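*Asks:* Got a sequence here, can you build the structure:
(chains A, B, C, D, E, F and G)
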Amino acid sequence: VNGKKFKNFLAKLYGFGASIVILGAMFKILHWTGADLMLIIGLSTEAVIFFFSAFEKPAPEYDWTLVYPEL
Amino acid sequence: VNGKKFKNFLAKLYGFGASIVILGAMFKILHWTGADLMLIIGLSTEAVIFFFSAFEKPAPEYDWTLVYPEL
Amino acid sequence: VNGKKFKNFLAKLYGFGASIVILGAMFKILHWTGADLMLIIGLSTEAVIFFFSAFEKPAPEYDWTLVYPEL
Amino acid sequence: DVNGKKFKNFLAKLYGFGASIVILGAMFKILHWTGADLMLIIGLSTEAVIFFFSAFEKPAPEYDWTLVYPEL
Amino acid sequence: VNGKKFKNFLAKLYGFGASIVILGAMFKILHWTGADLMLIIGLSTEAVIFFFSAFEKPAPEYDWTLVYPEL
Amino acid sequence: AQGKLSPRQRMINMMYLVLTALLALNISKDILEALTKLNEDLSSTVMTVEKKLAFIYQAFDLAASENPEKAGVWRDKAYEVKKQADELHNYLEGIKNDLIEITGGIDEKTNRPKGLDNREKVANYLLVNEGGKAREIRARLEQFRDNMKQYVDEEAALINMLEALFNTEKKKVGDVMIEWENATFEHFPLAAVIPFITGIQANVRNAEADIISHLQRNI
Amino acid sequence: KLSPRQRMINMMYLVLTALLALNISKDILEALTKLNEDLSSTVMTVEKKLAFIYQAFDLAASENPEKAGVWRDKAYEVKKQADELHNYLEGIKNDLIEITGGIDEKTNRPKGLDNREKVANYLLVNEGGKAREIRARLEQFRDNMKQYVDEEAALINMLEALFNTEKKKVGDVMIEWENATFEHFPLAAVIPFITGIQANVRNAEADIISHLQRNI
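*Replies:* Residues are numbered from 1 along each chain as shown, chains lettered A, B, ... in the order given. For reference, the structure is listed below:
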């Protein structure tokens, strides 16, 4: 489902996902031990977000001219 | 045509392709066997997606000062 | 000029530059024959896009409190 | 803890300072200056903390204007 | 002051500085004369611009339910 | 324009700009000079080893001259290993010359190759052309290592160093086991790939040197 | 709604992060270390091979010293000087590794490979810098080897080239030999330079003894 209980989880998952990519990018820059483990988890999360965003409903795209003429 | 049934489809194909790109980039970092195929398919798709995005009609960009003065 | 045919050209430039950047990344990550040339073309395209985005008019950023008390 | 006005007021300064260190850390890194990796640690770890706190931010209300404006 | 004209000028400066950054990176790859100076100028401009944004006021975040009930 | 950027979206755009600028990140100019000087040192020392080995081959020739019954077979074995070692060395030198030529050639002002920080046409010639030239290097190294073991009378030290110098197994590149071809040659500029091939040549020369030294004792 | 540029940025910053991770996945200092090990192995091979020429001199002059002993004495003097210089340079390498953190417990490599502060002060600052002593002993060795070659052949060009302590001009700017060899370098690059000097010493010893062998 893609209502509110999932979209709320899909919003937390994006915040945690982009943190792990950047931490993984920092560890890779510094050549620290677990650099590619964090890049795996961070990049996989961002690919999950991108996948599930294709099924989201398109934006309502409200029109205001028809109710506020010549805007 | 770049109306409704296309932009809605062209927005799903962006999410699916982007997911393949991120997974392909993860595989390239790890040097797995599927890295090259998913990057070719993923990135060539998105290259086509954004070529067709050059012809999208831009947002209406409403100006509310006409309706509401002193705004 | 910053009228209507600038925004149209700006949209074309954004979309085509996005595509050029995607192909440049695909050539770079796979070590293809024209990877260096594609990188140079992508960097030049991003430079032009950034230069032209400087002249883009920003959001109106309305203050609705002036109309509706504590909107 | 809470994410009202007392926190986002501090969070805004952390957005700008953390981005400045990343900008400079990349400039040091590209030019091979000695302080490159230390500024990248501070800037990127600050930015990682920023993203972590954006997970708990309450989403946009996403109003449905059709209720108050039929056919709009 | 962090009002209107300052924001517009600062966004124009951001665009021009980003263009200079990308041009400096391209010159650095190409081994041209002013690469290490263009990089410094552009990236220092970007860092200063982001430093100034640290004192910006946050978004108003209007609550439209307070004026249109059940929205 | 579009809607106002959220503070997180502005930071994403900042990262995009920074990571675009970091596409110009190479290794420092002084590390290029360090690698070039080290390559010159390797080449000179390997030439010294070759000049020393020529005398030992002449010693085999003279030893087989007087009594071609106790030294003929050993001279034949020494010249077989010599033929293989020079063939491998010439193959690796041809690869080095191809890499230098494909990235621009030699800077006649400096006599050092131009495109010394190329890293992209190098990673095309090696590993992406027809499967890449690095897998042919791999096959040649494995063939040399396996062939050399026949000339070693199950000597523990010689077998161990042959397996060590030509250890073509997966390497530990940051938490993962990369194939030998990619772990050795990928994401390196020409300034570092040429010293790697010269190091392979030095390994070949050292293995040939102490195999000849081993075969010389049997005389 | 997101603009087409913004969607591209959101999808591309992760790809640029991956490209950055690939850019820096290899430590170029570990490459210098491994190449230093290869150079050290080749120098060991060279000195093993020239250890046999000493046995050759011993056996040649142990049967008829009227013609070969005068050249053994002229040769073992080269051996002593070359070994002393090699031991000096090895001690300098050990000192550089020691003041930096020593040999790593697991990787069997110096702990600080990018510790160019202590390296720089040891080589160029402390007590005037150890590099001045390096060039002094290099010049002494070069002169002694010149006076141990009584032919004035192309070997003189070799000796002047390998041990060229003369000033080298970069951008029409004068810098000493000790500054054009050890300045702004990490420990991972200085050790290969000292090992290259050791290789030069071994090569000079080898091709001076070779010439000094075909006169017996």
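
*Asks:* C-alpha only now, for contacts and for neighbours.
*Replies:* Noted.

*Asks:* can you pull the contacts of residue F:63?
*Replies:* Listed by CA atoms under 8 Å, 6 or more residues apart in numbering or on different chains, the contact set of residue F:63 reads residue F:71.

*Asks:* State the distance from it to residue F:218.
*Replies:* 12 Å (CA to CA, to the nearest Å).

*Asks:* Look up phi and psi at residue F:191.
*Replies:* phi -60, psi -20 (degrees, to the nearest 10).

*Asks:* Now do the contacts for the residue lying closest to it once chain neighbours are set aside.
*Replies:* Among residues not flanking residue F:191 along the chain, residue F:116 sits closest, at 4.9 Å (CA to CA, 6 or more residues apart in numbering or on different chains). Residue F:116 makes contact with F:32, F:103, F:189-191 under the criterion CA under 8 Å, 6+ apart.

*Asks:* Go through the residues you listed and say which is closest to chain E.
*Replies:* Distances from chain E to these, taken as CA to the nearest CA, are shortest for residue F:189 (12.8 Å).

*Asks:* OK, contacts around that closest one?
*Replies:* So residue F:189 contacts F:116-120, F:122 (CA under 8 Å, 6+ apart).

*Asks:* ranking the contacts of residue F:116 by neighbours, who comes first?
*Replies:* residue F:190 (28 neighbours; other CA atoms under 10 Å in any protein chain shown).

*Asks:* any idea how far that residue is from chain D?
*Replies:* To chain D, residue F:190 is 19 Å away according to CA to the nearest CA, to the nearest Å.

*Asks:* circling back: for the contacts of residue F:189, which one is nearest residue E:44?
*Replies:* Checking these against residue E:44 with CA to CA, the nearest one is residue F:117 at 26.5 Å.

*Asks:* Quick check: that closest one touching residue F:26?
*Replies:* Yes: in this structure residue F:117 lies within contact range of residue F:26 using CA atoms under 8 Å: 7.4 Å.

*Asks:* And the most centrally placed residue in chain A, how far from residue F:101?
*Replies:* Geometric centre of chain A, nearest residue: residue A:14, 4.0 Å, by CA atoms, centre = their mean. Separation of residue A:14 from residue F:101 (CA to CA) stands at 47 Å.

*Asks:* Helices along the chain, start to end?
*Replies:* No chain in the question, so chain A it is. Counting by DSSP state H, chain A has these helices, from start to end: A:5-30, A:35-53.

*Asks:* that's the wrong chain, I wanted chain F
*Replies:* F:7-21, F:29-66, F:72-102, F:121-125, F:134-148, F:156-165, F:180-185, F:190-217.

*Asks:* which residue packs closest to residue F:120, ignoring adjacent ones?
*Replies:* residue C:31 (6.0 Å).

*Asks:* how about the contacts of residue F:189, which pair is most distant?
*Replies:* F:116 and F:120 (10.9 Å).

*Asks:* who touches both of residue F:63 and residue F:218?
*Replies:* Common neighbours of residue F:63 and residue F:218 (CA under 8 Å, 6+ apart) do not exist.

*Asks:* ok so, going back, can you tell me which of the contacts of residue F:116 is closest to residue B:71?
*Replies:* residue F:189 (58.5 Å).

*Asks:* can you tell me how far the closest one sits from residue C:29?
*Replies:* 15 Å.

*Asks:* Name all residues that make contact with whatever residue of chain F ends up closest to chain G.
*Replies:* Nearest residue of chain F to chain G: residue F:16, at 4.9 Å (CA to the nearest CA). Each residue near residue F:16 by CA under 8 Å, 6+ apart is listed here: G:9, G:12-13, G:16.

*Asks:* got the residues of chain F near chain G?
*Replies:* By CA under 8 Å from any CA of the partner chain, the residues of chain F that approach chain G are F:2, F:12-13, F:15-16, F:19-20, F:22-23, F:25-27, F:30-31, F:34-35, F:37-38, F:41-42, F:44-46, F:48-49, F:52, F:173-174, F:187-188, F:192, F:195-196, F:199, F:202-203, F:206, F:209.

*Asks:* Give me the buried subset of those residues.
*Replies:* F:12-13, F:15-16, F:19-20, F:22-23, F:25-27, F:31, F:34-35, F:37-38, F:41-42, F:44-46, F:48-49, F:52, F:173-174, F:187-188, F:192, F:195-196, F:199, F:202-203, F:206, F:209 (16 or more other CA atoms under 10 Å in any protein chain shown).

*Asks:* which parts of chain A sit against chain C?
*Replies:* Checking chain A against chain C by CA under 8 Å from any CA, there are no hits.

*Asks:* Pull the contacting residues for residue 35.
*Replies:* Chain wasn't specified; assuming chain A. A:24-28, F:174-175.

*Asks:* Chain F was what I was after
*Replies:* F:191-192, F:195, G:32.

*Asks:* and the residue of chain A nearest chain C?
*Replies:* Counting by CA to the nearest CA, chain A gets nearest to chain C through residue A:71 (14.6 Å).

*Asks:* need the contact list for that residue.
*Replies:* A:64-65, B:62-64, B:66-67.

*Asks:* 6 Å instead?
*Replies:* Contact analysis of residue A:71 by CA atoms under 6 Å, 6 or more residues apart in numbering or on different chains lists residue A:65.

*Asks:* Quick check: closest non-adjacent residue to the residue of chain A found nearest chain G.
*Replies:* Per CA to the nearest CA, residue A:28 is where chain A lies closest to chain G, at 6.2 Å. Distances taken as CA to CA, 6+ apart place residue A:35 nearest to residue A:28, at 4.9 Å, with adjacent residues excluded.

*Asks:* Spatially central residue in chain F, please.
*Replies:* residue F:197 (2.2 Å).

*Asks:* Give me the distance between that residue and residue A:43.
*Replies:* Counting by CA to CA, the gap from residue F:197 to residue A:43 is 35 Å.

*Asks:* cool, residue F:194 as well?
*Replies:* Distance from residue F:194 to residue A:43, by CA to CA: 34 Å.

*Asks:* what about those two, which has more around it?
*Replies:* Counting neighbours by other CA under 10 Å for residue F:194 and for residue A:43 shows that residue A:43 has the greater number, 27 against 24.

*Asks:* That one and residue F:90, how far apart?
*Replies:* 44 Å.

*Asks:* ditto for residue F:44
*Replies:* In terms of CA to CA, residue F:44 sits 16 Å off from residue F:90.

*Asks:* Good, we can wrap up now.
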